[PDB]
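Working notes, structure below.
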Amino acid sequence: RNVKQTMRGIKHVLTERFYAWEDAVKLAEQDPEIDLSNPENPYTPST
Amino acid sequence: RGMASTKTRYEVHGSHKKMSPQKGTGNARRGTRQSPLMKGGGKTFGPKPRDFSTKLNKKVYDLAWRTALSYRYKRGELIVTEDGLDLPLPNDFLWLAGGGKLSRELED
Amino acid sequence: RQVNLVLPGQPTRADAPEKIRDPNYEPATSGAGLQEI
Amino acid sequence: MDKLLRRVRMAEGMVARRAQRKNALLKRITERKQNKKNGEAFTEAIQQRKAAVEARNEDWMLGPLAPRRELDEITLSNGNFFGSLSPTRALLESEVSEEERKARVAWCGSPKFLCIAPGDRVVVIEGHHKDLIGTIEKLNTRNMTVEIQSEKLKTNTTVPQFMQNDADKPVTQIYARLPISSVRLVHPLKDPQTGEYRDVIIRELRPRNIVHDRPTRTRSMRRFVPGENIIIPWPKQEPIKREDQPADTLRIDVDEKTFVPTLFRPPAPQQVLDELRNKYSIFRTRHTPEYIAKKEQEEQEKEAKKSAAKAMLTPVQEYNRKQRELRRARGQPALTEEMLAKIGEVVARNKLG
Amino acid sequence: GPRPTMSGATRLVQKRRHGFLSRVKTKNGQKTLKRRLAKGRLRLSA
Amino acid sequence: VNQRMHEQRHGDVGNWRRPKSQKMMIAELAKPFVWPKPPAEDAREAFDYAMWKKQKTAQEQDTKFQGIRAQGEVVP
Amino acid sequence: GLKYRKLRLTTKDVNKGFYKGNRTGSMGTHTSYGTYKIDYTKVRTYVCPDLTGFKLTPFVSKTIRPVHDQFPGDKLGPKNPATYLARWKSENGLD
RNA sequence: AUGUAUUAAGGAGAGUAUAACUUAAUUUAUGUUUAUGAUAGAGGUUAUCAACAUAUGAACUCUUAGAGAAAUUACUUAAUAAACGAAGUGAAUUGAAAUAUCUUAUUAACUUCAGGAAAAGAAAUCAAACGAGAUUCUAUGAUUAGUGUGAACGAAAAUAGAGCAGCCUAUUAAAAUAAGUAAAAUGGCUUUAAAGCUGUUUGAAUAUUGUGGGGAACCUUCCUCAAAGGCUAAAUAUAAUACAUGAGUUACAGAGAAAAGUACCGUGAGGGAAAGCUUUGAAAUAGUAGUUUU
Ligand SMILES: [K+]
Ligand SMILES: [K+]
Ligand SMILES: [K+]
Ligand SMILES: [K+]
Ligand SMILES: [K+]
Ligand SMILES: [Mg+2]
Ligand SMILES: [Mg+2]
Ligand SMILES: [Mg+2]
Ligand SMILES: [Mg+2]
Ligand SMILES: [Mg+2]
Ligand SMILES: [Mg+2]
Ligand SMILES: [Mg+2]
Ligand SMILES: [Mg+2]
Ligand SMILES: [Mg+2]
Ligand SMILES: [Mg+2]
Ligand SMILES: [Mg+2]
Ligand SMILES: [Mg+2]
Ligand SMILES: [Mg+2]
Ligand SMILES: [Mg+2]
Ligand SMILES: [Mg+2]
Ligand SMILES: [Mg+2]
Ligand SMILES: [Mg+2]
Ligand SMILES: [Mg+2]
Ligand SMILES: [Mg+2]
Ligand SMILES: [Mg+2]
Ligand SMILES: [Mg+2]
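In order, the protein sequence lines correspond to chains T, D, 8, Q, Y, P and 3.
Following the entry's author numbering, the numbering of the first sequence begins with 177 at its first residue and continues without gaps.
Following the entry's author numbering, the numbering of the second sequence begins with 110 at its first residue and continues without gaps.
Following the entry's author numbering, the numbering of the third sequence begins with 112 at its first residue and continues without gaps.
Following the entry's author numbering, the numbering of the fourth sequence begins with 1 at its first residue and continues without gaps.
Following the entry's author numbering, the numbering of the fifth sequence begins with 95 at its first residue and continues without gaps.
Following the entry's author numbering, the numbering of the sixth sequence begins with 77 at its first residue and continues without gaps.
Following the entry's author numbering, the numbering of the seventh sequence begins with 9 at its first residue and continues without gaps.
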């Protein structure tokens, strides 16, 4: 049972990261400090 | 309330097929299974939801009200008082109960 | 204003049995005669 | 889409309605099996109460011929020896209803806010061993029974032969357990008049200053005596000894942080997401733009199919509709203050004079 | 009297006559299913 | 595939169902593998075999008596 | 036949062309002469990483008490896409 | 059983911590109040010793792509029971102490179509010389008018209650005010002969400056309404859920089902059980004992 609770937790954190990253991309498209076009330097610290 | 109800042979669940043949089995000839003579058959004259209320003339109902009010008057059991008929509970208790210092267990 | 009804006072902390150092004290072996509160 | 949510909401209700019908049927089967298992403890007690009604009439009648019932064979109904209980009835391990656990604990909080702990002396107030005083050793929170390791609460019990050697004596004396309702708390208080400490019996306890810790799922409260407000400290309870096993991960590794968020590549291979959730489940709420775009065009293809007969209209049918649109833009005329003042005169003249 | 009318019976003819697909796929078989379904039957066919 | 006996939902009550069958696979290893032999009954004390045996015989004798009652008979 | 006839039919009961699978997946296609061609694009493989040197085990010592995360004041604490994007900038700006 | 409120697609197969439900089968977070609550400890399996409110991960197969011997194949972000409603078709048992008209009966049933309700609906309506003012539901009116040889069948006006809402610029997008129509003959339906529905053959008029319909054969005057174009919530029907009440039941009762459409029976459609708890222990029946007779 304890081995099955670690296997369940792994599937909860991976499902959480996929959805969190799938939204950050959208939220990062409307950000003025991120340029998704160029991958070499896609972020510039705001002044 | 008069809401009691019972199922007759025309309301009991099941099929209305004939149980045993009219003749040939030797047993008493039987019809449907919902007959009162069967185990789970319906009660013929069972209770049903109806109205038990009756009628009483307004004048006869008013005479009965003043007769019960006079039966108490002649026996001295009719004690009329002035307006504001409330229990004169102590003021201290009312001040504490309203304030909320006293718990329910003590207030009651 | 003072009232004529005594209400339960503020809570107090009862000393734990191990901390009691009173010489004139002995645990009760039988429950008969002990006050119930 | 708003139509895709109704699909999910409807599915979530169909499954929850089926889980209740199954759970209900199981609650009734499990209850019917316990009641029949507890009934064997009720039957043994009923059979021993009547056996005592006949054993006392014989000691009265026979006199010097009184039998030696201790040397008799067991009772084949329950399999117990003379003057001995059964493990189920001596340990009080039979499950009780939920309205019983609340009644047994009614005097000390509630089944989930119990105000008595192991290590605190109590006084028995029921049974043969009334007014006895002992210290709680165990505290069974399932049946709300308490074990007091006193030599007076011992009682013969018949040991089942499936857990007993062949030279072992069939009957042994074990410590009998009592329900929580049959014991009250004994705590020494100070005499406010003289300052002398004496023992008293606490008839009721209630929790106070309850505070929960959501991150740890813990709580800490205080127990006090209602009516007198005497906060009684908790008894000295030793925490369980937690140890590090060889199969457990070291503390240095469990604390290592290796996750670095990414934005241009997924946190894991995109194929893994198909294993975490079912792509085709009717409970999927996170759809792709290409899908929602295809779902919204099903209605757009119906409003264009409902209004597809607008190309077969006759000139008079088109003229009428065209006029209707123009008219609905005019609106409704309004009554100016001058017009309202003239209407008020008519009303007052025809009502008052 | 009753006869041994099920001697030599095969379970392939049982699925072709009183099977689930013989009923969902016919107008008269959809009624039998709904009736047994409305009554509470677990065994809608075969 | 190993099939499973058909049974009733609740042992002796309920509709007749059939559990999910079992699948066994036998692989032809390229390197031989030999299992160890079971420990002797007297050397299984780590598993509490003594107590386990007494409990097993008890259930064995209660299952046998419940089969004698299923034949419509009793032990004289 | 009285009762067994009413159970659900299985492949271990009848043989006259009755086939029923166990949902093992299609690994290829059928040929016209009764053979089978395995399409290895449908065959599935299991990606097991090298476990030499891996120190994490499936258990954590009971000394370290279980604690959750607070995320105070953020309703969508663990799922907030803002705390995932802002956290990304400081730690990993390039990727 | 009734009432109130809310809701408007249902079932099965297999698996799983056997209070916990979907291969993640006891997910993860927020806010508030915590004994003056709500209605200064121990305890992560020796667990869930916390309720309320709001979010949240996961949620398999079939019914339900195509094929097929439902829960398989093969593919894929393929997916909606019953009752209730409208129309079409439309019996027989039964009564008439037989029986044809009639009644049973605009019934049961089937068929199609549709929605959470549907249908109907703002007068070509009723009234009677005064006037009322859409539809739906309930009672009275009414074992009435009336019809029919009979047996029986059976309105409306009006009144009271539940709801109330009007419009075409319809609060969702519709009329340039309705012609093979109104109506007539004939064959049927409904029915009192009118009005209404209808197959066949025929076939009008254009507003109170009196054109058209109706007012129970029919004609006329008057009154009244304005067909051949439309929209419209509520009160009503059914099912599920929850709750309230009881001179309702308390285990052969209540329901068919206190574990049920299950076991069981049937090729099938279909038929369809028994079984509560620890209390009390009646009669019949059986084996003996005491007194007594044989
Ligand atoms: K006659
Ligand atoms: K008449
Ligand atoms: K006519
Ligand atoms: K019954
Ligand atoms: K008896
Ligand atoms: Mg019949
Ligand atoms: Mg009955
Ligand atoms: Mg009376
Ligand atoms: Mg603590
Ligand atoms: Mg999964
Ligand atoms: Mg989801
Ligand atoms: Mg024959
Ligand atoms: Mg043959
Ligand atoms: Mg075989
Ligand atoms: Mg065979
Ligand atoms: Mg074949
Ligand atoms: Mg199909
Ligand atoms: Mg399919
Ligand atoms: Mg009427
Ligand atoms: Mg007109
Ligand atoms: Mg006409
Ligand atoms: Mg006329
Ligand atoms: Mg006409
Ligand atoms: Mg009009
Ligand atoms: Mg009664
Ligand atoms: Mg009875």
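Beta carbons: idealized from backbone N, C-alpha and C, even for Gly.
Task: Extent of the continuous alpha helix (DSSP H) run through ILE46 (chain Q) - done: Run containing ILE46 (chain Q): 2-62, per the alpha helix (DSSP H) assignment.
Task: Assigned exposure category for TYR182 (chain D) - 16 Cβ within 10 Å defines buried - done: Exposed, since its Cβ has fewer than 16 Cβ neighbours within 10 Å.
Open item on the list: For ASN30 (chain 3), list the residues DSSP reports as bridge partners.
Closed with: As computed with DSSP, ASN30 (chain 3) is found in no beta bridge at all.
Task: Beta-carbon neighbours of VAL114 (chain 8), restricted to chain D and to distances below 7 Å - done: Ordered by position in chain D, the residues that pass the 7 Å Cβ test against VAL114 (chain 8) are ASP201, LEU205.
Open item on the list: To the nearest angstrom, how far is the alpha carbon of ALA134 (chain P) from that of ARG104 (chain Q)?
Closed with: Their backbone Cα atoms lie some 36 Å apart in a straight line.
- [ ] Flag this pair as yes or no: are the beta carbons of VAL124 (chain Q) and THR135 (chain Q) separated by less than 9 Å?
- [x] Between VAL124 (chain Q) and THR135 (chain Q), the C-beta spacing is not below 9 Å.
TODO: Can you pull the chain Y residues whose beta carbon is under 8 Å from the beta carbon of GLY9 (chain 3), in chain order?
DONE: Result: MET100, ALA103.
Task: Length of the line joining the Cα atoms of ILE343 (chain Q) and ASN350 (chain Q) - done: Spanning the two alpha carbons is a distance of roughly 11 Å.
- [ ] Note down, in chain order, every chain 3 residue with its Cβ under 8 Å from the Cβ of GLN79 (chain P).
- [x] By Cβ distance, chain 3 contributes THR18, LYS20.
- [ ] Using DSSP bridges, identify the partner residues of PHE224 (chain Q).
- [x] Residue pairing by DSSP places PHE224 (chain Q) opposite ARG206 (chain Q), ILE231 (chain Q) in a beta bridge.
Open item on the list: Distance check for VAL225 (chain Q) and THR145 (chain Q), CA to CA, integer angstroms please.
Closed with: A direct Cα-to-Cα measurement between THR145 (chain Q) and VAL225 (chain Q) gives close to 22 Å.
- [ ] Note down, in chain order, every chain P residue with its Cβ under 8 Å from the Cβ of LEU15 (chain 3).
- [x] Think of a sphere of 8 Å around the beta carbon of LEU15 (chain 3): the chain P residues whose beta carbon falls inside it are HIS82, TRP92, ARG94, in chain order.
TODO: Look at the Cβ atom of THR182 (chain T), then the Cβ atom of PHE62 (chain 3), and state whether they are nearer than 9 Å.
DONE: Their beta carbons are not under 9 Å apart, which means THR182 (chain T) does not touch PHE62 (chain 3) by this criterion.
TODO: Taking only beta carbons into account, state which residues of the segment 109-134 of chain P come closer than 8 Å to chain Q, listed in chain order.
DONE: So the close ones are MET127, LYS130, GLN131, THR133, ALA134.
TODO: Mind the definition here: the segment 14-29 of chain Q touches the segment 85-103 of chain Q only if three or more C-beta pairs lie below 8 Å; say whether that holds.
DONE: Touching, no, given that fewer than three Cβ pairs across the two stretches are closer than 8 Å.
Task: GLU137 (chain 8) versus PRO197 (chain D) - alpha carbon distance - done: If I take the Cα positions, the gap works out to 51 Å.
Open item on the list: Applying the 10 Å Cβ sphere with the 16-neighbour rule, what's the burial state of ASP199 (chain Q)?
Closed with: Label assigned to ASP199 (chain Q): buried.
Task: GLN206 (chain T) burial status per 10 Å Cβ neighbour count (16 or more: buried) - done: Exposed, because fewer than 16 other Cβ atoms sit within 10 Å of the Cβ of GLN206 (chain T).
Task: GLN173 (chain Q) (DSSP reduced to helix, strand or coil) - done: Strand.
Open item on the list: ligand 9 and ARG104 (chain Q): does the residue's C-beta get closer than 8 Å to at least one heavy atom of that ligand?
Closed with: False, no ligand heavy atom lies under 8 Å from that Cβ.
- [ ] Select from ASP77 (chain 3), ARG95 (chain 3), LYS20 (chain 3) the residue whose C-alpha is nearest the C-alpha of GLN98 (chain P).
- [x] Nearest to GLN98 (chain P) by C-alpha distance, out of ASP77 (chain 3), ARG95 (chain 3), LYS20 (chain 3), is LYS20 (chain 3).
- [ ] Decide yes or no for the touch test of the segment 213-223 of chain T against the segment 147-157 of chain D: beta carbon pairs closer than 8 Å, at least 3 of them.
- [x] Output reads no: the segment 147-157 of chain D does not touch the segment 213-223 of chain T.
TODO: Output yes if chain 8 places a C-beta closer than 9 Å to the C-beta of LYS210 (chain D); else output no.
DONE: True, the Cβ-Cβ gap to chain 8 drops below 9 Å.
Open item on the list: Can you tell me where the beta strand (DSSP E) holding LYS138 (chain Q) begins and where it ends?
Closed with: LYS138 (chain Q): member of the beta strand (DSSP E) spanning 133-140, first to last residue.
Open item on the list: If you reduce the DSSP assignment to three classes, tell me which class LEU116 (chain 8) lands in.
Closed with: In the three-state reduction of the DSSP assignment, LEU116 (chain 8) falls in the coil class, being assigned neither a helical nor a strand state.
Open item on the list: For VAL114 (chain 8), count the other beta carbons within 10 Å of its own beta carbon; 16 or more makes it buried, fewer makes it exposed. Which is it?
Closed with: Exposed, because fewer than 16 other Cβ atoms sit within 10 Å of the Cβ of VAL114 (chain 8).
Open item on the list: Between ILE148 (chain Q) and chain P, is any beta-carbon pair separated by less than 9 Å?
Closed with: So no, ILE148 (chain Q) is outside the interface.
Open item on the list: Distance check for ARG206 (chain Q) and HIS187 (chain Q), CA to CA, integer angstroms please.
Closed with: Computed Cα separation, rounded: 15 Å.
Task: beta strand (DSSP E) segments (min. 3 residues) lying fully within the segment 101-169 of chain Q - done: Taking only runs of at least 3 residues, the beta strand (DSSP E) segments lying wholly in the segment 101-169 of chain Q are 121-124, 133-140, 145-148, 154-158.
TODO: Please report the residue range of the alpha helix (DSSP H) in which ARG111 (chain Y) lies.
DONE: Residues 105-112.
Task: Under 9 Å between C-beta atoms of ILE116 (chain Q) and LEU132 (chain Q) - done: No, they are not a contact pair.
- [ ] Would you verify that the beta carbon of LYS99 (chain P) is, or is not, closer than 9 Å to some beta carbon of chain 3?
- [x] Output row for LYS99 (chain P): interface = yes.
Task: One or two residues paired with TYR44 (chain 3) in a DSSP bridge - done: Beta-bridge partners of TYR44 (chain 3) (DSSP): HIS38 (chain 3).
TODO: Rounded to whole angstroms, what's the CA-CA distance from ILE46 (chain Q) to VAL183 (chain Q)? Just pull it up for me.
DONE: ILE46 (chain Q) and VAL183 (chain Q) have their C-alpha atoms some 24 Å from each other.
TODO: Mind checking which residues open and close the beta strand (DSSP E) that includes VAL186 (chain Q)?
DONE: Looking at the DSSP string, the run of the beta strand (DSSP E) that includes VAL186 (chain Q) is 183-190.
Task: Closest Cα partner of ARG112 (chain 8) within the set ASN200 (chain D), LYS164 (chain D), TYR170 (chain D), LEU215 (chain D) - done: Nearest in C-alpha terms to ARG112 (chain 8), of all of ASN200 (chain D), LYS164 (chain D), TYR170 (chain D), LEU215 (chain D), is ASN200 (chain D).
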